[PDB]
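Descriptive structure summary
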Amino acid sequence: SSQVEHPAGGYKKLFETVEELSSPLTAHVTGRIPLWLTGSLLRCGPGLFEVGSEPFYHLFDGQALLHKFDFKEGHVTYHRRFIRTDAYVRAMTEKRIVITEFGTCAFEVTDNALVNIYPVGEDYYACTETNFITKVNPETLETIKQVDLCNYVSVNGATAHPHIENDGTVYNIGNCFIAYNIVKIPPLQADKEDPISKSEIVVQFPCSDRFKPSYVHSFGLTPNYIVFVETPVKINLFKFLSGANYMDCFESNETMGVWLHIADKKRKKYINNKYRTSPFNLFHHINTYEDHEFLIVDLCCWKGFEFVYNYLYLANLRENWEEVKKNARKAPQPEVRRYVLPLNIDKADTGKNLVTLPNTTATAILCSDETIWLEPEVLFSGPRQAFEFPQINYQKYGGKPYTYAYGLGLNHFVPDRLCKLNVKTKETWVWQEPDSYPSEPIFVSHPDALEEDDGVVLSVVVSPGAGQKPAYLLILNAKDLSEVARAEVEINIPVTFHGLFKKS
Amino acid sequence: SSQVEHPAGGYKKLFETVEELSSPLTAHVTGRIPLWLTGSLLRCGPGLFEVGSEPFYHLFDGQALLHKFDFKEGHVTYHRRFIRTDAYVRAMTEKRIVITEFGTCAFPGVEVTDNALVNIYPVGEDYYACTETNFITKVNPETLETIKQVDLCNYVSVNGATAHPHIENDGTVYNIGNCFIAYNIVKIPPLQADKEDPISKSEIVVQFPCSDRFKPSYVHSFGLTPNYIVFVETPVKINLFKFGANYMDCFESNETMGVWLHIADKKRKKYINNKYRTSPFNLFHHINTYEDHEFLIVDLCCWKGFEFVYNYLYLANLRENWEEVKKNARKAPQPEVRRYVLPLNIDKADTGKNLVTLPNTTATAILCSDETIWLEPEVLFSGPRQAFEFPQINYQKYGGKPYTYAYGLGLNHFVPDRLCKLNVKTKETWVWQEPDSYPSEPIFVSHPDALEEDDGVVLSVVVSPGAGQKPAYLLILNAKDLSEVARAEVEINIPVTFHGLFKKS
Ligand SMILES: NCC[C@@H](O)c1ccc(F)c(OCC2CCCCC2)c1
Ligand SMILES: NCC[C@@H](O)c1ccc(F)c(OCC2CCCCC2)c1
Ligand SMILES: CCCCCCCCCCCCCCCC(=O)O
Ligand SMILES: CCCCCCCCCCCCCCCC(=O)O
Ligand SMILES: [Fe+2]
Ligand SMILES: [Fe+2]
Ligand code: NA
Ligand code: NA
């Protein structure tokens, strides 16, 4: 949890427009940047929160800004460029808001790729959650091209959280007009042709409502299984095809709770196991893995069926601290939960707990109607203290048994700390300084590491305190979240959502 | 959690018949028995697990045995007598099982068991051993002699009452019982100047409704604050149609209803029509209930699932070897300490939102369009088949009020093998544990000059069947850190005990 109030209101600098740079700046290093840390921290976020006098209203509306911290021989540079999307280009051309954003109507689907960036073959794509992804140059931060996924596969959109296997295979999920389709983009072959042109639907998940698909932000992947969590946050397609924005089309199903779904990855087949539990919002899967014919499903949950995005309008996030805390009082409560999904359902065990694993308090009750009612093991819970934007040692422990998760700590939705969670012991570590607003921590392994947490986490920190530089790149030891170094920059950095470390 | 396996199988001594004593034994003290500790630890449990060749099958079948540890000037005595119930007396007379027990049918109208093996509580100047039926047994707390059988049906409209009545500081007794369908709160007043039996002044103050017209839920305990009564209606139902059958045969699980929580106004004696709903669990023990700015804080010892946990408490299963005991518990409901927060002020304008605006909890209450209030708990403690059970607090000063500390018996796949302290604010835990040592419910006794909530000791009866030890002992831990203060060792075995009290003298 946080041990800090924010009466000075410095967090408002997260949602303040910035200018892009023409070339990279030098970042003043204090401490020692590890000499094995060679590459680029690439991160996406909103950078432009108004077009002249026309404001953007929601956190997910601001125009995509691609950030880069370069590391080499203990030196750090910072660079940022706005992504030349249709949304941005046409806004600069017409000097107004042309494309409708998530929570801002224009008076044409948005390609404002402000959420994440991920590799496909030798290429990198900035993305939002629509059919449009933007190819970008990871060295120059130049916009290369717009890609429409609808040209290649049957999906109306795809999440900003595709899973990436070690061979370079990309998995993602998207709504299809109703079902949810898993897209598979293969690795780059010898022919050297665009892997997106070889895209295909491998498996389809069914929908709880014939005309209303659930909002899906992420999904789980193991070597053998795909996990999809269908939440009570529904998209109303009747309202969708009608001065409306995307937010206007969301509603909450009060009765359905949460439906969990598993598919066989290798046999490309949906499994008809009716996993059921109480209602929550879900944005981020932490990790999924297999343990003796059980799926371990670690989730960042929000307890309630009301859409958490309702609390992320810029007007509310820009209020003074006492008003920010009051606004969050009736919001869903954040909670890290472990669900255990049994793969072997024997009818003879009807009415009993199927979770026979010795190291969990998670339960799965087989009912007479063949629904499997799940109760979670709670890994972390703090009052309006969200362990969010979860990261692991993905390359080695993604989809596999693991111990450690890293997270951005939200204090009534304000990011004010970095967190480490041992998911076996439930022990936590916290890094926190006053009036300091960090980003998602990204784990980088020591290249010769045998241990899970042998490396560093990188976070971009906004520090608007009068006796400090506006922002800095923070490097913590992954072991205990003890500070290793900072790279301070002389310009402000807005909020960033997701990114990756590109090793060079 | 426990850090110990039990391959030696010493826990079998919990379920082994013992003989009563004619007079108290001396208990060999090691350490220092507090000199301010003056009175009697009275505890109830099964003592006779067979009548000749006829066995009792369930944990709650063995014949009531009343235990007493007396403390005075740093010295300890131990005494035990079987309660002379109809069940016990007629069993000794006919040399067979005469009365049907919870999980044991008797073979030659309906003769209900008065086997008071569960708890003992004060009413006026009297003490009553009880089970969960209409029959409670008046006992002499000094001699452990059986005085009388009392039928609650002679006084108030209930078919039974729990072994967990709440007792206010003035001596007022509250309890809950099924009535053929509703659940009735019984109020027994304090002893008046006229000096007449307070039970003859018993009355029903408020009635809770039933989810099923013909099937009442099993109720083991309930919550009480200065202003409110809290009742938790679980999916464990009693089938009155089915009611050579025993009590266990009549229980079934409602798969769809989950848990319904109910509040009544204590002082206005009126049921509040707030439809609190959550996921299915078994509930035996409320920890404590209190009021916080028009919210009820409801701390519960839960079992996650709708299957009846009592299904796992047959003596044949509890007497198996350790690896088989652990295997048997694998598919059982998982124990979990949960805090539920019940909003008292429901505004329709907050429909679809979390009503729990308290700043120090992650518990939620969602107001739905059908006016049901869906609850999610704050989990205070969770360990794999590691139950924090038989909860106790500083009851006299913090019962029904804001509090920090609970004490518990730790169950390891249903085997009691440790004592636990839980800070319900910080979720910090303390554990006392020795190998091949099987403790009882810890009972808190305050230091007479206590300033803090946990200024005192907990008393536990420990079965230690290890060859290089005496069979059993009275354990005294410091309530602060559960550090050992003293033991009073006895040279005879003690079976499992469920509940009791410290009677100050
Ligand atoms: N990252 C938080 C949300 C943000 O990225 C966002 C921006 C714009 C959106 F349109 C959007 O809705 C996704 C829909 C796209 C059409 C099919 C149904 C889902 C989400
Ligand atoms: N504490 C463990 C249970 C044990 O004390 C026990 C023994 C005997 C019982 F008959 C019994 O059932 C209670 C019923 C009594 C009739 C009305 C409906 C509830 C419970
Ligand atoms: C660094 C962000 C701070 C501002 C408020 C953040 C609230 C996050 C709520 C839960 C996660 C929702 C998804 C956000 C990231 C994404 O779009 O992928
Ligand atoms: C000291 C007890 C050990 C034997 C097994 C105990 C299992 C208890 C399960 C949960 C509590 C059920 C109620 C038992 C006490 C009572 O009858 O009041
Ligand atoms: Fe995300
Ligand atoms: Fe009990
Ligand atoms: Na600090
Ligand atoms: Na020990």
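Note on numbering: residues are counted from 1 along each chain in the order of its written sequence, which can differ from the entry, and residues with no coordinates are hidden. Chain letters start at A and ligand numbers start at 1, both assigned in the order the entries are written. Derived side-chain values reflect all non-hydrogen atoms in the structure, with water molecules and hydrogen atoms excluded from consideration.

Regarding how it was determined, this PDB entry cites X-ray crystallography in its header, along with a resolution of 2.15 Å.

Secondary structure follows DSSP: runs of H or I at least 4 residues long count as helices, runs of E at least 2 residues long count as strands, and numbering of each begins at the N terminus. Across its full length, chain A holds five helices and 36 strands. The globule rule used for comparison is 2.2 Å times the number of residues to the exponent 0.38, while the radius of gyration itself is calculated over C-alpha atoms. A compact globule built from 504 residues should have a C-alpha radius of gyration of about 23 Å, and chain A, at 22 Å, falls within 12% of that. Along the three orthogonal principal directions, the C-alpha set of chain A runs to about 65 × 55 × 50 Å. Counting all 504 residues of chain A, 63% fall into the buried class. Each residue is placed in one exposure class: buried if its accessible area under a 1.4 Å probe, protein chains only, is under 20% of its type's maximum, exposed if it is over 50%, and partly exposed if it falls in between.

Next up on the list: the coordination of the iron ion (ligand 5). Residue and element names in this part refer to chain A. Nitrogen, oxygen and sulfur within 2.8 Å of a metal are treated as its donors, or within 3.2 Å for sodium, potassium and calcium (Na, K, Ca); water is not counted, so a site can appear incomplete. Bound to the iron ion (ligand 5) on the protein side are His161 (NE2), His217 (NE2), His284 (NE2) and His498 (NE2), at distances that span 2.2 Å. On the criterion of sequence distance, the pair formed by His284 in strand β22 (residues 280-290) and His498 in strand β36 (residues 498-503) is long-range, its members being 214 residues apart. Note on accessibility: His284 and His498 belong to one class, buried.

Here we come to helix α1 (residues 86-94) of chain A. Residue and element names in this part refer to chain A. Three or more residues of α1 are buried, namely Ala87, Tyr88 and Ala91. On an axial view of α1, the arc spanned by its buried residues comes to 95 degrees, and they lie on one face. Should any heavy atoms of two residues lie within 4.5 Å, those residues are considered in contact. Against the buried residues of α1 lie β3 (39-48), β4 (50-51), β6 (63-72) and β7 (75-82). The first or second residue beyond α1 is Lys95, which carries a positive phi of 55 degrees. By construction, the arc corresponds to the directions joining the helix axis to the C-beta atoms.

A few words now on the coordination of the iron ion (ligand 6). Octahedral metals with six donors have ideal donor angles of 90 or 180 degrees. Tetrahedral metals with four donors have an ideal donor angle of 109.5 degrees. Every protein donor of the iron ion (ligand 6) is listed here as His164 of chain B (NE2), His220 of chain B (NE2), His285 of chain B (NE2) and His499 of chain B (NE2), and their distances to the metal cover 2.2 Å. By the burial criterion, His220 of chain B is buried, and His285 of chain B matches it.

Roughly 100 Å³ of internal volume is contained in the largest cavity. The method works on a 1 Å grid over the protein atoms by themselves. A cavity is a set of points holding a 1.4 Å probe that cannot get out, a pocket is an open set with protein on both sides within 12 Å along at least five of seven lines, and residues with an atom within 4 Å of a point line them. Every residue lining the largest cavity is counted, 14 residues in all, and those nearest its centre are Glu375 and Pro376 of chain A together with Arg338, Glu376 and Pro377 of chain B. Contributions of two or more residues to the lining of the largest cavity are made by β24 (333-342) of chain A together with β24 (334-343) of chain B. Just so you know the grouping, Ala, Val, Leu, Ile, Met, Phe, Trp, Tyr, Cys and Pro go in nonpolar, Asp, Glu, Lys and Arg go in charged, and all remaining residues, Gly too, go in polar. Of the residues in the lining of the largest cavity, the class split is four nonpolar, four polar and six charged. Grid points are joined across faces, edges and corners, and a volume is the space filled by probe spheres set on the points.

So, on to the interface of chain B and chain A. Between chain B and chain A, the residue contacts involve 38 residues of the former and 38 residues of the latter. Once two parts are put together, the accessible area they lose, assessed with a 1.4 Å probe and summed over both, is termed the buried area. Both sides of the chain B and chain A interface together cover about 3100 Å² of buried area, and 53% of this is carbon and sulfur. When the area that chain B buries against chain A is broken down by residue, the three leading residues are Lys304, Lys331 and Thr362 of chain B, summing to 18%. Salt-bridge detection follows one rule: a side-chain nitrogen of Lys or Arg within 4 Å of a carboxyl oxygen of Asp or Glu. Seen at the junction of chain B and chain A, the total is four salt bridges. With a shortest N-O distance of 3.0 Å, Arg337 of chain A and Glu376 of chain B are connected by a salt bridge.

Here the focus is the site of ligand 1. Residue and element names in this part refer to chain A. Any residue with a heavy atom positioned within 4 Å of a molecule or strand is treated as near that molecule or strand. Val115, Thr128, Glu129, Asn175 and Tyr246 are the nearest of the 13 residues found near ligand 1. Identification of polar contacts relies on pairs of N or O atoms within 3.5 Å, with a donor-acceptor requirement for protein atoms, meaning one able to donate a hydrogen and the other able to accept it, and with residues adjacent in sequence counted only if both atoms are side-chain atoms. Take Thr128: an N or O atom from its side chain is 3.1 Å from an oxygen atom of ligand 1. Here a nitrogen atom of ligand 1 and a side-chain polar atom of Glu129 are 3.0 Å apart. Here the accessible surface of atoms and residues is derived via Shrake-Rupley with a 1.4 Å probe, and residues count as covered only by protein chains that are part of the display. About the coverage of ligand 1: the protein hides 95% of its 480 Å² of free accessible area. Looking at the shell around ligand 1 residue by residue, the class counts come to seven nonpolar, five polar and one charged.

Turning to the sheet that holds β22 of chain A, a few remarks are in order. All names here are of chain A. We call two strands paired when DSSP finds no fewer than two bridges between them. Sheet architecture is open: four strands sit in the order β22-β23-β24-β27, paired in antiparallel fashion. Of all the strands in the sheet, just β22 and β27 (377-380) have a single pairing partner and so form its edges. Pairs of neighbouring strands in the sheet enclose a mean axial angle of 30 degrees, with direction left out of account. Here, axes are lines fitted to C-alpha atoms. For helices the fit covers the stretch in contact, and angles between N-to-C directions go from 0 to 180 degrees.

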